[PDB]
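Data block below; observations after.
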Amino acid sequence: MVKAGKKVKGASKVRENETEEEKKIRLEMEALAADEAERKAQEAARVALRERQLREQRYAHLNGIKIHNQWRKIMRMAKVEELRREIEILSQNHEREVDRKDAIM
Amino acid sequence: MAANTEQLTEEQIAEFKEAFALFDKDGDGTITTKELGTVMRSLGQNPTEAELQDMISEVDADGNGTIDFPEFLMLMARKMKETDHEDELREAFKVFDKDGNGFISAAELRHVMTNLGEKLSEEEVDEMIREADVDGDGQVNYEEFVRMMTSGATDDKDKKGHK
Amino acid sequence: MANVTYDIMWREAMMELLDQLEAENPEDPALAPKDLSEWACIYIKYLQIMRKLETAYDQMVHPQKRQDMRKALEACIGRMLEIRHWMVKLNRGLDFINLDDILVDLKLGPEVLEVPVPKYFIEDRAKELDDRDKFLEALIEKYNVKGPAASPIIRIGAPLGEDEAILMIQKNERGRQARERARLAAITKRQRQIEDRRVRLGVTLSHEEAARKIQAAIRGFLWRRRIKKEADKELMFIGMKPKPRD
Amino acid sequence: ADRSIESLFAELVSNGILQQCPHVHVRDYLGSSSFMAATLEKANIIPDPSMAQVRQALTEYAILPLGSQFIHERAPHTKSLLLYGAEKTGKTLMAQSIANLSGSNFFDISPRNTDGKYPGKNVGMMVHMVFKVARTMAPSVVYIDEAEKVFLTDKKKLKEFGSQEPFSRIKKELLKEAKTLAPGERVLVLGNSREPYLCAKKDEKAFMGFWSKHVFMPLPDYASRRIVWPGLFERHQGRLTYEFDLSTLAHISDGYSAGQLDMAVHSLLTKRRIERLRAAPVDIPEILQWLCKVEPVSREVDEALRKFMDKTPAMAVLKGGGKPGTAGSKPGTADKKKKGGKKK
Amino acid sequence: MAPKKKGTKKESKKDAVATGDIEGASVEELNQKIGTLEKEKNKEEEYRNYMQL
Amino acid sequence: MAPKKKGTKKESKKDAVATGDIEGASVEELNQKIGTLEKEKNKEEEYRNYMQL
Amino acid sequence: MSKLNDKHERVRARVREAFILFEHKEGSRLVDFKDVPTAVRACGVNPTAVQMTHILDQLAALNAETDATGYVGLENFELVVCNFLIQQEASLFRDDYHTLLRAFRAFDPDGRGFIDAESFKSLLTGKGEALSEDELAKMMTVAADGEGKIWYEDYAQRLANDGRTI
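Protein chains in written order, with the entry's author numbering: chain Z, 1 to 105; chain H, 1 to 163; chain V, 1 to 246; chain X, 493 to 836; chain D, 1 to 53; chain Y, 1 to 53; chain E, 1 to 166.
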């Protein structure tokens with residue numbers, strides 16, 4: 001497995017004596033290798049993204065279920081409180097209505 | 001008890017807790033035996049009335065009408081071992097599929113639900129026909145009916161992963 | 001709102017500008033704003049002043065009232081620009097200044113930091129900008145010039161050859177059909193196994209038992225739908241789901 | 493003086509320098525405010541400024557002064573706003589939005605735009621074109637793309653651009669005509685930079701000294717990504733349902749830029765896909781299929797951007813590596829003292 | 001009813017186990033230490049994702 | 001938004017160490033994996049605290 | 001080493017399940033030679049026709065040492081298919097939706113987004129190795145709509161994500 005990322009110092013001299021037919025063959029071989037690496041990188045990125053999805057989703061579903069339960073209870077008892085506010089508001093509303101209807105009488 | 005509950009995964013425990021707390025509106029940690037069957041069905045199970053009454057007698061021995069979360073969990077551990085499979089449901093449908101053509105008439109299936117077995121109410125059958133005969137052609141494809149009743153019940157994440 | 005109420009809020013803007021001036025130069029020099037905390041509170045005050053003056057100058061139907069408002073709005077905006085530049089100078093040159101702590105302390109949101117765009121920068125020049133855009137488009141069509149590039153797209157690559165595409169579609173479809181055959185065979189094998197188990201146990205699925213199982217499944221499905229709908233209603237009631245807007 | 497201003501306008505439109513401004517808004521650049529930027533300065537960490545702060549600063553610097561003639565005469569006169577950042581971070585979107593909101597003429601003197609146009613000595617001519625037209629019909633903005641290449645004087649990198657005329661051809665005339673502007677003229681110069689650190693040594697000074705305000709516009713954070721994703725889908729006319737796993741999508745898309753995700757979403761959302769969005773909302777694996785063919789921004793580019801930020805004068809003074817660069821510091825005094833001490 | 005912070009004052013002490021040098025120690029203990037670090041990182045990721053949701 | 005520590009240039013190639021074949025890896029390799037796991041755990045903890053505040 | 005070992009183990013389990021699915025009789029550990037082509041493709045890979053012929057020839061050669069003609073043994077099938085999967089030849093690995101969409105665009109130069117089912121039938125049956133009419137009807141039952149148009153995008157996505165576990 002030769003590391004293509006490290007440019008070998010001296011490879012430019014070899015290209016000076018390369019014939020046109022050999023240059024085309026080398027260019028075709030390099031293009032095929034580059035496309036193979038790109039597709040492998042594309043496959044690796046898709047696999048890594050999917051795995052990073054699943055590991056994140058593995059925590060996500062259970063944690064979200066717990067969160068849904070806990071704040072469901074919390075803002076259930078919160079919604080309990082606002083009923084008393086409705087009761088009081090309607091109490092003064094009906095008192096004011098009774099007072100004003102009496103004035104119209 | 002602990003041996004039965006050890007078969008439960010933490011995700012299953014959380015799902016059962018959510019289903020219990022949905023009808024545990026007062027937050028006391030118990031649900032009524034009448035809402036007990038509703039909580040049974042919220043998890044994908046399909047208990048009959050006779051089975052519900054039998055398990056109410058089994059667990060709700062004190063007769064207070066309420067069954068708490070640990071008893072809920074042991075009941076789950078007992079009954080998920082015998083969850084009805086889609087193959088069994090399709091085998092049930094092919095009994096009424098007289099012609100074996102893959103579809104059962106809407107009126108015939110309505111009569112089956114309103115006359116044979118645990119009688120379904122007329123409004124329940126109306127909803128059944130509306131959600132099965134989506135195109136309104138008067139024919140119910142029981143295979144797709146089995147598929148969509150099983151959908152939303154048995155771990156749709158598993159179906160997502162099995163692609 | 002009511003037009004008299006809008007005039008009232010313009011008056012309130014005037015008193016707020018006066019109070020901001022007085023706070024900048026109070027009778028006691030020790031009470032003058034010295035640190036970034038006081039100066040940033042003053043800056044937020046001018047921000048809201050210019051916000052509501054801008055809204056008023058937009059919405060009043062009175063010509064002379066708006067004409068008077070124009071100078072006030074322009075002066076307040078320019079003053080706030082001066083304050084912004086000066087605070088950036090005193091913030092060791094950082095053009096971006098963080099006010100989340102001050103906003104929380106003063107009980108205001110980060111949306112206050114969003115300086116609004118005045119509408120009169122464009123509305124007052126509606127016909128003139130219309131003519132300018134007409135001239136732009138006339139020159140564009142005369143000279144046949146291409147506009148800005150569209151949103152980029154993943155360059156998937158050139159289509160493959162006809163024969164190669166046919167070949168790979170053939171293998172792909174054969175694989176898909178093989179998978180479908182395997183799934184159908186698995187389903188059939190499960191059915192055969194269950195029926196053979198029933199035959200060995202001597203339990204034949206009667207019409208009554210089939211109806212019981214089917215009705216249990218139907219009850220489960222309908223109850224799941226009703227439970228989901230009632231849970232949705234509880235979500236939107238106790239504050240977990242947005243109610244469908246009418 | 494013998495050429496009509498309308499003829500200059502027509503020629504500028506014809507040459508692709510003066511173009512119609514698209515109708516976009518600064519709020520199209522989505523994001524969430526930094527909820528502990530101040531806490532990060534408290535903990536002695538210089539945070540990447542929130543995009544909300546970026547919009548606020550850009551508005552106050554450019555849009556509010558340029559909008560009103562009366563304001564621009566007296567407000568702190570800011571002539572140059574520096575927008576440097578990674579690729580597909582929204583520099584072009586912000587420039588177009590600011591230009592449209594200000595209702596200003598748009599003169600594109602980017603080297604790529606001007607390549608092949610007015611070659612040779614006419615590079616000096618285009619500058620007078622644009623400056624006279626801008627002065628006559630203010631408000632007006634002159635836009636430069638890849639401003640790190642205008643001030644470059646290295647021949648190798650200039651030729652590596654593959655340009656028939658070097659990008660530095662507009663440098664001298666740009667510098668000369670820039671000093672002729674005055675407050676109240678409502679003429680602005682805006683540049684967008686992808687690798688502002690490219691200018692080195694002699695070019696670095698001429699680069700940094702020309703822009704007055706240095707705007708650092710970073711990548712969106714987690715909440716900002718959670719805002720950008722549905723916004724990008726809506727921009728490409730797609731929609732994600734309420735049960736979409738937006739949190740996991742944002743976490744796995746950490747490191748992606750707004751424009752890059754916009755390109756990915758454009759690729760993912762086809763007309764048939766939009767038509768079947770009601771039948772099938774977009775799923776995260778469907779997103780990842782396209783995203784695999786998408787390369788994120790390398791850490792080296794972001795680190796180089798951070799080094800250029802640190803080299804920008806404000807936090808350059810912060811980090812104790814340089815004295816405050818006052819404009820009154822005459823160059824040569826530091827060199828003379830060092831060079832005069834070894835001749836005795 | 002978010003869980004009270006009377007777990008952190010103990011987990012901070014519990015997470016400070018053996019921050020010393022690993023030079024010259026055995027491959028086996030290296031493997032167990034790698035496993036413990038993997039468990040700690042997984043737990044941190046789990047809690048982070050939990051409270052992030 | 002975890003703080004971008006200056007020095008993470010060498011962690012990019014260390015975070016890609018496979019979790020497999022822990023047995024058979026040399027003492028130096030196991031030390032490197034230990035360091036990688038510690039750094040990843042620290043990053044996750046900082047990220048968690050960022051969401052906390 | 002451990003990752004190679006459990007990769008081999010999962011490959012072996014997949015191949016064993018595939019063989020058991022097409023087992024002729026429960027516990028007989030035999031699969032018919034005519035059912036071998038489907039079982040080979042059931043392992044999540046789609047080798048070419050030449051590769052399938054090579055696999056069939058190899059299985060016949062291995063079975064020649066046994067007296068079970070027309071049926072393939074579990075051990076031999078496992079060995080062959082697990083060898084092919086373990087060496088991870090690029091021909092076995094499935095293509096992505098990107099390449100599928102690339103190739104499907106060849107027959108629609110106009111970019112209408114759809115391909116004529118009748119013309120695609122003739123192209124498939126006359127180009128490459130001849131496709132059969134039964135599978136042709138099966139595939140146009142899925143890809144061809146009521147208008148005879150093959151919107152190639154969704155079919156490419158299906159051919160990408162049909163059993164593709166990641």
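C-beta: ideal position from N, C-alpha, C; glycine also.
Residue pairing from DSSP places residue 139(H) in a beta bridge opposite 105(H).
Taking the Cβ atoms as the reference, residue 47(E) lies roughly 6 Å from residue 92(E), within the contact range of under 8 Å. Between the beta-carbon of residue 549(X) and that of residue 96(V) there is about 5 Å, and that keeps the pair under the 8 Å contact cut. Counting along the chain, no alpha helix (DSSP H) covers residue 85(H), and no H or E run does either.
Per DSSP, the unbroken beta strand (DSSP E) holding residue 149(E) starts and ends at 149 to 151. Residue pairing by DSSP leaves residue 17(D) without any beta bridge partner.
Residues of the same chain with a CB within less than 7 Å of the CB of residue 677(X), apart from the 5 flanking positions on each side, are 627, 630 in chain order. When Cβ-Cβ separations below 9 Å define contact, residue 25(H) makes contact with chain Z. Here residue 46(H) is buried: its Cβ has 16 or more other Cβ atoms, across all protein chains shown, within 10 Å.
Bridge pairing for residue 706(X): 574(X) [DSSP]. The beta carbon of residue 157(H) sits no closer than 9 Å to any beta carbon of chain E. The beta strand (DSSP E) runs lying completely inside the stretch 617 to 671 of chain X and spanning 3 residues or more are 632 to 637, given in chain order. Sequence-ordered contacts of the stretch 805 to 833 of chain X with chain V read 805, 806, 807, 808, 809, 810, 816 [C-beta pairs closer than 9 Å].
Of all residues in the stretch 92 to 111 of chain E, only 96, 97, 98 place a beta-carbon less than 9 Å from a beta-carbon of chain X.
When only Cα atoms are considered, residue 56(H) and residue 242(V) end up about 37 Å apart.
For residue 682(X), the pairing in a beta bridge is given by DSSP as 573(X), 635(X). Contact check between the stretch 494 to 512 of chain X and the stretch 611 to 627 of chain X: three or more CB pairs, one atom from each, fall below 8 Å, which counts as touching. Taking CB atoms only, residue 674(X) has no neighbour in chain V less than 9 Å away. If you compare the alpha carbons of 87(Z), 50(Z), 68(Z), 93(Z) with that of residue 1(D), the shortest gap goes to 68(Z). Residue environment for residue 36(Y): buried (at least 16 other C-beta atoms within 10 angstroms of its C-beta). Listed along chain Z, the residues sitting closer than 7 Å to residue 49(D) by beta-carbon distance are 56, 59, 60, 63. Shown here, residue 31(H) sits in a strand according to DSSP, grouped into three states. If you check the CB distance, residue 76(Z) and residue 238(V) come in under 9 Å.
In the DSSP assignment, residue 713(X) falls outside any beta strand (DSSP E), carrying neither H nor E. Between residue 140(V) and residue 101(E), the alpha-carbon positions lie close to 37 Å from each other.
For residue 501(X), the enclosing alpha helix (DSSP H) covers residues 497 to 506.
Sequence-distant partners of residue 565(X) (beyond 5 residues in either direction) whose C-beta falls short of 8 Å from its own C-beta, in its chain, are 675, 676. Using a CB distance cut-off of 9 Å, residue 572(X) does not count as an interface residue toward chain D. When DSSP reads this structure, residue 67(H) sits in a beta bridge with 31(H).
Taking residue 235(V) as the centre and dropping the five residues before and after it, the same chain places the C-beta of 241 closer than 8 Å to its C-beta, in chain order. Listed along the chain, the chain D residues whose CB falls inside 8 Å of the CB of residue 67(Z) are 50, 53. Using a CB distance cut-off of 9 Å, residue 576(X) does not count as an interface residue toward chain Y. Rounded to whole angstroms, residue 127(E) and residue 84(E) show a C-alpha spacing of 28 Å. Look at the stretch 723 to 751 of chain X: the residues with a C-beta under 7 Å from a C-beta of chain Z are 737, 739, 740, 743, 744. Rounded to the nearest whole angstrom, the C-alpha separation of residue 99(H) and residue 138(H) is 16 Å. Contact of residue 70(Z) with chain D by beta-carbon distance below 8 Å involves 1, 2.
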